[PDB]
Amino acid sequence: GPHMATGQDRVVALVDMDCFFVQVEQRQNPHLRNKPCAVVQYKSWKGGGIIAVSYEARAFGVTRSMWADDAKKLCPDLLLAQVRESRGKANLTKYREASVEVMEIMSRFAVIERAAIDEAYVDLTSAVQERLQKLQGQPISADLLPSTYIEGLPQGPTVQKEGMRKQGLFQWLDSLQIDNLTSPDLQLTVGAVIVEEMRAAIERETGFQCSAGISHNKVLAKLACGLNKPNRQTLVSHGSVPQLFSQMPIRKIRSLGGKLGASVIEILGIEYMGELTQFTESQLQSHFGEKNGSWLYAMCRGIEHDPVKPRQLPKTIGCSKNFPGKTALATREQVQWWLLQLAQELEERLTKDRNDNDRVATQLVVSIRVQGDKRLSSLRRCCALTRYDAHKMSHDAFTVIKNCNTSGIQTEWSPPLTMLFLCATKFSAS
DNA sequence: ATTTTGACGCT
DNA sequence: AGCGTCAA
Ligand SMILES: Nc1ncnc2c1ncn2[C@H]1C[C@H](O)[C@@H](COP(=O)(O)OP(=O)(O)OP(=O)(O)O)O1
Ligand SMILES: [Ca+2]
Ligand SMILES: [Mg+2]
């Protein structure tokens, strides 16, 4: 009752760019705008691998991970933009730079946590308090929420999409108590007004559209964001949680899409997030561990305490390349040449990072996979990163991996290498 | 023979 | 530290 926390103490948003790499390429090439199109890496093998897909192309069934040759069978007029290749490998610089554009705009509104190249969480609690003080008891107009859905509404006693959206928003706003500055639902609504402003700023200043979720924590904001993509935002209130979770597959909640989620389903014999409420905290801890158990117990009730971390920049800078099938590296010269290519890209990125962000990486992580090994990585070894020099970094990486070569023959590398990975970590201020 | 990333937990 | 999980 009066002491049961309800996890309604914060306003958190998650902003997620729509079909991000496609929008970057469509901004650059107007011929691709409003067309079925996809972004591909490499071209020789089956037309290249698709990594991003416009919503027009998704209507034909095109998805990520599909080979372009196969996507063309579903959508013969599919347009393609290719990821840049530099030093023999795919180079994602254009997308990293576009990400910086968006992250810098979002940072004007609030502290952000960069969650991925095209996603950031926003802690809006303080901004909401300020805006509520500005509003001075004035009701919130639907005109301030032109792209907002209220999850769960309309309900109770138009057949078009926008009509339904407006009916739900009207029901929500009609029922708000706009005089109580401590009302969580009012706080979320003001949050959504701010997020409309943030999303408009992003689109105005970059050309990119995005979706967003607004709720009381990161997990619900992320779930909310996906409910009405693209180019829309969704408010998930605390009161919406029981109905929303009652038919929500466990795997849809962030962190439960893999083995742990599968084990929750198998061990407990349930399918939906809401079914978790029937277990005690101790029962959940007994199956899934102390941390996961407490997290699940609160999460299934819509409660999560994970903070929005103040971090706008990536914590690592890495460069990776696979060498599948016959392209596996089987000679010392090959291994050294590719370590150099990776190290040259890494040096360029690190030097730019040091100039932009006043920091220096101090550890180099080298990871490889050997042909035959079932594991993704066969070996992961660190060494000191003391100079931003590609030849030094590639030599040090070779030094730390050379003992993996079983071959008695100096010229040959065995088993052949199917992946190389260099990653700069452990940044210090400079 | 999706690939190229990136954060965070475990021991 | 090196390995594993989960997510863009
Ligand atoms: N598995 C992957 N491998 C490589 N790049 C990826 C992968 N998944 C996503 N990306 C890249 C390309 C995407 O445009 C970008 C953001 O990913 P993501 O948010 O999952 O999808 P998306 O932005 O393309 O579409 P959506 O509108 O559904 O968010 O990251
Ligand atoms: Ca996205
Ligand atoms: Mg994303």
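Every chain is numbered from 1 and lettered A, B, ... according to where its sequence line falls, protein lines coming before strand lines. The analysis underlying the following values was restricted to heavy atoms, covering all of them including side chains, and did not include hydrogens, waters or symmetry mates.
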### Message
Quick check for you: among B/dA1, B/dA7, B/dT4, whose closest atom lies nearest to any side-chain atom of A/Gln41?
### Response
B/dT4

### Query
Would you call the rings of A/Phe20 and A/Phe208 parallel, tilted or perpendicular if under 30° counts as parallel and over 60° as perpendicular?
perpendicular

### Query
Please give, in whole Å, the distance from C/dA7 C1' to A/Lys222 NZ?
8 Å

### Summary
Picking from B/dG6, C/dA8, C/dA1, the nucleotide nearest the side-chain atoms of A/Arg114 would be B/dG6

### Message
Side chain of A/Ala90 only, heavy atoms from C-beta on: which candidate in B/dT4, B/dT3, C/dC3 is closest?
### Response
B/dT4

### Message
Please determine whether a side-chain nitrogen or oxygen atom of A/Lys315 lies at a distance below 4.0 Å from atom OP1 or OP2 of B/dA7.
### Response
no

### Query
Does A/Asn292 or A/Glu345 map to a spot on DNA chain B nearer the 5' end, using the closest nucleotide for each?
A/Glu345

### Message
What's A/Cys319 touching, base or sugar-phosphate or nothing? Going by heavy atoms closer than 4.0 Å.
### Response
sugar-phosphate

### Query
Over how many whole Å does the gap from A/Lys259 atom NZ to B/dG9 atom P extend?
18 Å

### Summary
To the nearest angstrom, the CG-P distance between A/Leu14 and C/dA8 comes to 8 Å

## Note on the structure
Side-chain contact check for A/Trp45: nearest option of C/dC3, B/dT5, B/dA1 is B/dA1

### Message
OP1 or OP2 of B/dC10 versus the side-chain N and O atoms of A/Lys291: is any pair under 4.0 Å?
### Response
no

### Query
Does A/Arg96 have a side-chain nitrogen or oxygen under 4.0 Å from the phosphate oxygens OP1 or OP2 of B/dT5?
yes

### Query
OP1 or OP2 of B/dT4 less than 4.0 angstrom from a side-chain nitrogen or oxygen of A/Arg369, does that happen here?
no

### Task
Pull out every residue in residues 97-111 of chain A that has a heavy atom closer than 4.0 Å to any atom of DNA chain B, ordered by number, or say none.
none

### Query
Starting at CD of A/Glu119 and ending at P of B/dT5, how long is that distance when rounded to a whole Å?
18 Å

## Note on the structure
Side-chain atoms of A/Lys89 come closest, of B/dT4, C/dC3, C/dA8, to B/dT4

### Query
Does a salt bridge link A/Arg204 with A/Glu197, judged by any charged N lying under 4.0 Å from a carboxylate O?
no

### Query
B/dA1 and C/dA8: how far apart are their P atoms, nearest whole angstrom?
26 Å

### Pairwise side-chain hydrogen bond (donor to acceptor under 3.5 Å, both in side chains) hits with a residue in residues 357-368 of chain A, at least two apart
A/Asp353-A/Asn357, A/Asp353-A/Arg359, A/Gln363-A/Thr425, A/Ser367-A/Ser377

### Query
Between A/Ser255 and C/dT5, does any side-chain N or O lie under 4.0 Å from OP1 or OP2?
no

### Query
Does A/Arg64 have a side-chain nitrogen or oxygen under 4.0 Å from the phosphate oxygens OP1 or OP2 of B/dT3?
no

### Message
With a 4.0 Å limit, can you tell me whether A/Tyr42 has a side-chain N or O closer than that to the phosphate oxygens OP1/OP2 of B/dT4?
### Response
yes

### Task
Taking only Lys NZ, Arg NE, NH1 and NH2, and the carboxylate oxygens of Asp or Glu, determine whether A/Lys72 and A/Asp77 approach each other closer than 4.0 Å.
no

### Task
Grab the CZ-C1' distance between A/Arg254 and B/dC8 for me, whole Å please.
10 Å

### Query
What's the CZ-P distance between A/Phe421 and B/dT4, to the nearest Å?
11 Å

### Task
Give a yes/no on whether any side-chain N or O of A/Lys321 is located under 4.0 angstrom from OP1 or OP2 of B/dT5.
no

### A/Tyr388 side-chain N/O to A/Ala361 backbone N/O, donor-acceptor pair under 3.5 Å
yes

### Query
Would you say A/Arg165's side chain and A/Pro146's backbone share a donor-acceptor pair under 3.5 angstrom?
yes

### Message
Does any part of the side chain of A/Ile401, heavy atoms only, come nearer than 4.5 Å to the side chain of A/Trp413, both counted from C-beta?
### Response
yes

### Query
Is there side-chain contact between A/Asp70 and A/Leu74, with heavy atoms separated by less than 4.5 Å?
no

### Task
Using the closest heavy atom to pick a nucleotide of DNA chain B for each, name whichever of A/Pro314 or A/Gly49 lands nearer the 5' end.
A/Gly49

### A/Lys259/A/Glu266 salt bridge by N-O under 4.0 Å criterion
no

## Note on the structure
Taken to the nearest whole Å, CZ/A/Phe288 to P/B/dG9 is 19 Å

### Query
Contact class for A/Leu379 vs. all strands (heavy atom < 4.0 Å): base, sugar-phosphate, or nothing?
sugar-phosphate

### Message
Any side-chain N or O of A/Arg251 below 4.0 angstrom from OP1/OP2 of C/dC6?
### Response
no

### Query
Considering only side-chain heavy atoms of A/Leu260, which listed nucleotide, C/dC6, C/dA8, B/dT4, is closest?
C/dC6

## Note on the structure
When rounded to whole Å, the CD to P distance for the pair A/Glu290 and B/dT11 reads 12 Å

### Task
Check whether any side-chain nitrogen or oxygen of A/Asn322 sits under 4.0 Å from OP1 or OP2 of B/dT4, and answer yes or no.
yes

